[PDB]
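Undergrad: The structure's right below; bear with me while I get my questions together.
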Amino acid sequence: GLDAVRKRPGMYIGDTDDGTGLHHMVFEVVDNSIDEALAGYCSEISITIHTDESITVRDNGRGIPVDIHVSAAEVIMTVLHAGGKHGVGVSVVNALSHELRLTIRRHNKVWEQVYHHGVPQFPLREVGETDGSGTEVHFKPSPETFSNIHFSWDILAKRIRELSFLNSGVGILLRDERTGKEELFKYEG
Ligand SMILES: CNc1cc(F)cc2c1[nH]c1ncc(-c3cnc(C4(C(=O)O)CC4)nc3)c(-n3ccc(C(F)(F)F)n3)c12
Ligand code: NA
């Protein structure tokens, strides 16, 4: 389970001391929005660095399926092994965040779930009406995992430029609330 991730984090997320693992936290979450853009359902992605060095990734895709009739969203946020025999998954990000809030806008409803170190505080639950669809993940990297909790504008921006070329017409906004800086990365092909 996620306990093993918390015990050997660099094995899952990358080096936790040289900046690799910390920024991989963002890139693992973002990859899901990129997949949603490649699928043709997402045209806007934003990545926000907050003053407390937490991160919000938000997209305007279909939203994670809820599939309650344990929610599908809880499965993808908490299960490490999908079964059987590259890319570690958002469950690793969850395990290594001291708190993470997932908000889904889908099928006229807003669903949310909160976790601490990957452990759900409560089940995914509906909390209101919405007119959009999409997914938002707000995570706070664990300072007990990363001795340096500070994000690098240059590192994120370099990777976002590479990502932008893969999806023409998909805007990726990088917003740094620590400094007031923001930049829209948008490739037109
Ligand atoms: C920050 N945004 C974000 C994070 C994350 F962490 C997962 C997703 C995400 N944005 C998404 N937007 C869409 C999907 C999605 C929706 N529907 C499918 C389905 C399809 O067949 O295309 C019906 C199964 N796959 C992916 C999604 N999800 C990424 C994984 C998953 C899922 F389905 F496994 F839960 N949803 C994510
Ligand atoms: Na949408």
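Going through the structure tokens in order, the chains are called A, B, and so on, while each chain numbers its residues from 1 and the ligands are numbered from 1 in the order shown.
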Residues within 12 Å of residue 39 (chain A), please, as a ChimeraX atom specification. Count only C-alpha atoms; anything in the same chain fewer than 5 positions from it doesn't count.

TA: /A:32-34,61-62,166-167,170

Undergrad: Restrict the selected residues to C-alpha atoms and save them as a CSV table (one decimal), in the first residue's frame.

TA:
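That gives us result.csv:
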```csv
chain,number,residue,atom,x,y,z
A,32,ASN,CA,-3.5,13.2,-16.2
A,33,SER,CA,-4.7,16.6,-17.6
A,34,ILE,CA,-2.3,16.1,-20.6
A,61,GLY,CA,-11.9,17.9,-18.9
A,62,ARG,CA,-14.6,15.4,-18.3
A,166,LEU,CA,2.3,18.0,-27.7
A,167,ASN,CA,-1.2,19.7,-27.6
A,170,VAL,CA,-4.4,23.7,-25.3
```

Undergrad: At a cut-off of 6 Å and counting only C-alpha atoms and all ligand atoms, what residues surround ligand 1? Please answer as a ChimeraX atom specification.

TA: /A:29-30,32-33,36,57-59,61-65,72-73,76,90,135-137

Undergrad: Mind dumping the selected residues with N, CA and C atoms as a PDB file, in the first residue's frame?

TA:
```pdb
ATOM      1  N   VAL A  29       0.736  14.669 -11.518  1.00  0.00           N
ATOM      2  CA  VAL A  29      -0.652  15.119 -11.538  1.00  0.00           C
ATOM      3  C   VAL A  29      -1.002  15.681 -12.912  1.00  0.00           C
ATOM      4  N   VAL A  30      -0.159  16.585 -13.415  1.00  0.00           N
ATOM      5  CA  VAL A  30      -0.381  17.239 -14.709  1.00  0.00           C
ATOM      6  C   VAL A  30      -0.538  16.216 -15.824  1.00  0.00           C
ATOM      7  N   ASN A  32      -2.100  13.604 -16.058  1.00  0.00           N
ATOM      8  CA  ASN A  32      -3.494  13.202 -16.211  1.00  0.00           C
ATOM      9  C   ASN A  32      -4.286  14.227 -17.009  1.00  0.00           C
ATOM     10  N   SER A  33      -3.991  15.515 -16.814  1.00  0.00           N
ATOM     11  CA  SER A  33      -4.657  16.554 -17.595  1.00  0.00           C
ATOM     12  C   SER A  33      -4.168  16.531 -19.037  1.00  0.00           C
ATOM     13  N   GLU A  36      -5.902  13.888 -20.853  1.00  0.00           N
ATOM     14  CA  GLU A  36      -7.274  14.308 -21.129  1.00  0.00           C
ATOM     15  C   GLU A  36      -7.329  15.263 -22.323  1.00  0.00           C
ATOM     16  N   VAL A  57      -3.492  21.925  -9.464  1.00  0.00           N
ATOM     17  CA  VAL A  57      -3.598  21.601 -10.877  1.00  0.00           C
ATOM     18  C   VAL A  57      -5.079  21.515 -11.204  1.00  0.00           C
ATOM     19  N   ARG A  58      -5.508  22.272 -12.208  1.00  0.00           N
ATOM     20  CA  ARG A  58      -6.919  22.247 -12.575  1.00  0.00           C
ATOM     21  C   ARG A  58      -7.061  22.119 -14.085  1.00  0.00           C
ATOM     22  N   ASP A  59      -8.038  21.330 -14.537  1.00  0.00           N
ATOM     23  CA  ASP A  59      -8.282  21.211 -15.961  1.00  0.00           C
ATOM     24  C   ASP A  59      -9.780  21.282 -16.204  1.00  0.00           C
ATOM     25  N   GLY A  61     -11.496  19.146 -18.299  1.00  0.00           N
ATOM     26  CA  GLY A  61     -11.877  17.898 -18.932  1.00  0.00           C
ATOM     27  C   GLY A  61     -13.187  17.330 -18.403  1.00  0.00           C
ATOM     28  N   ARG A  62     -13.353  16.023 -18.600  1.00  0.00           N
ATOM     29  CA  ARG A  62     -14.611  15.354 -18.268  1.00  0.00           C
ATOM     30  C   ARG A  62     -14.852  15.208 -16.768  1.00  0.00           C
ATOM     31  N   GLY A  63     -13.800  15.349 -15.957  1.00  0.00           N
ATOM     32  CA  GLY A  63     -13.826  14.984 -14.549  1.00  0.00           C
ATOM     33  C   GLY A  63     -13.511  13.513 -14.365  1.00  0.00           C
ATOM     34  N   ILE A  64     -12.811  13.165 -13.283  1.00  0.00           N
ATOM     35  CA  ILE A  64     -12.629  11.754 -12.926  1.00  0.00           C
ATOM     36  C   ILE A  64     -14.001  11.098 -12.752  1.00  0.00           C
ATOM     37  N   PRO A  65     -14.211   9.871 -13.231  1.00  0.00           N
ATOM     38  CA  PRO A  65     -15.472   9.171 -12.954  1.00  0.00           C
ATOM     39  C   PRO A  65     -15.705   9.019 -11.452  1.00  0.00           C
ATOM     40  N   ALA A  72     -14.741   5.497  -7.744  1.00  0.00           N
ATOM     41  CA  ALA A  72     -13.635   5.343  -8.689  1.00  0.00           C
ATOM     42  C   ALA A  72     -12.522   6.338  -8.404  1.00  0.00           C
ATOM     43  N   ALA A  73     -12.885   7.567  -8.035  1.00  0.00           N
ATOM     44  CA  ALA A  73     -11.886   8.574  -7.719  1.00  0.00           C
ATOM     45  C   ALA A  73     -11.041   8.152  -6.526  1.00  0.00           C
ATOM     46  N   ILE A  76      -8.362   5.549  -7.724  1.00  0.00           N
ATOM     47  CA  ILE A  76      -7.175   6.054  -8.416  1.00  0.00           C
ATOM     48  C   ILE A  76      -6.311   6.911  -7.498  1.00  0.00           C
ATOM     49  N   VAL A  90      -0.861   9.059  -9.529  1.00  0.00           N
ATOM     50  CA  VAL A  90      -1.239  10.089  -8.597  1.00  0.00           C
ATOM     51  C   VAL A  90      -1.382   9.548  -7.174  1.00  0.00           C
ATOM     52  N   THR A 135     -11.408  18.623 -13.437  1.00  0.00           N
ATOM     53  CA  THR A 135     -10.809  18.040 -12.245  1.00  0.00           C
ATOM     54  C   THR A 135      -9.810  19.022 -11.647  1.00  0.00           C
ATOM     55  N   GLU A 136      -9.792  19.117 -10.320  1.00  0.00           N
ATOM     56  CA  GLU A 136      -8.857  19.985  -9.615  1.00  0.00           C
ATOM     57  C   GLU A 136      -8.201  19.192  -8.492  1.00  0.00           C
ATOM     58  N   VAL A 137      -6.875  19.269  -8.393  1.00  0.00           N
ATOM     59  CA  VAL A 137      -6.148  18.592  -7.339  1.00  0.00           C
ATOM     60  C   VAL A 137      -5.293  19.651  -6.659  1.00  0.00           C
TER      61      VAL A 137
END
```

Undergrad: Show which residues sit within 6 Å of residue 49 (chain A), as a PyMOL selection string. Count only C-alpha atoms, and ignore same-chain residues fewer than 6 positions away.

TA: chain A and resi 55+176-177

Undergrad: I need the chosen residues saved as a PDB file, in the first residue's frame, with N, CA and C atoms.

TA:
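The file below, selection.pdb, is the result:
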```pdb
ATOM      1  N   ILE A  55       0.325  23.170  -4.309  1.00  0.00           N
ATOM      2  CA  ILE A  55       0.134  23.222  -5.762  1.00  0.00           C
ATOM      3  C   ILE A  55      -1.329  22.939  -6.071  1.00  0.00           C
ATOM      4  N   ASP A 176       2.269  31.715 -10.293  1.00  0.00           N
ATOM      5  CA  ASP A 176       3.078  31.603  -9.086  1.00  0.00           C
ATOM      6  C   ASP A 176       2.586  32.661  -8.109  1.00  0.00           C
ATOM      7  N   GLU A 177       1.762  32.256  -7.140  1.00  0.00           N
ATOM      8  CA  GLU A 177       1.265  33.239  -6.178  1.00  0.00           C
ATOM      9  C   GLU A 177       2.344  33.710  -5.208  1.00  0.00           C
TER      10      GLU A 177
END
```

Undergrad: DSSP says alpha helix (DSSP H) for which residues of region 9-160 of chain A? Put them as a PyMOL selection string?

TA: chain A and resi 9-13+20-38+72-78+90-95+153-160

Undergrad: Contacts of residue 2 (chain A) at 8 Å or less, counting only C-alpha atoms, minus same-chain residues fewer than 2 places along, as number ranges by chain?

TA: A: 4-6, 78-80, 91-92, 95, 118

Undergrad: Taking into account only C-alpha atoms, which residue in the set A:156, A:13, A:1, A:104 is nearest to residue 131 (chain A)?

TA: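 Distance minimum relative to residue 131 (chain A) lands on A:104.
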
Undergrad: Measuring atom to atom with only C-alpha atoms, identify which of A:121, A:51, A:147, A:152 is nearest to residue 23 (chain A).

TA: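 Closest to residue 23 (chain A) of all the choices is A:152.
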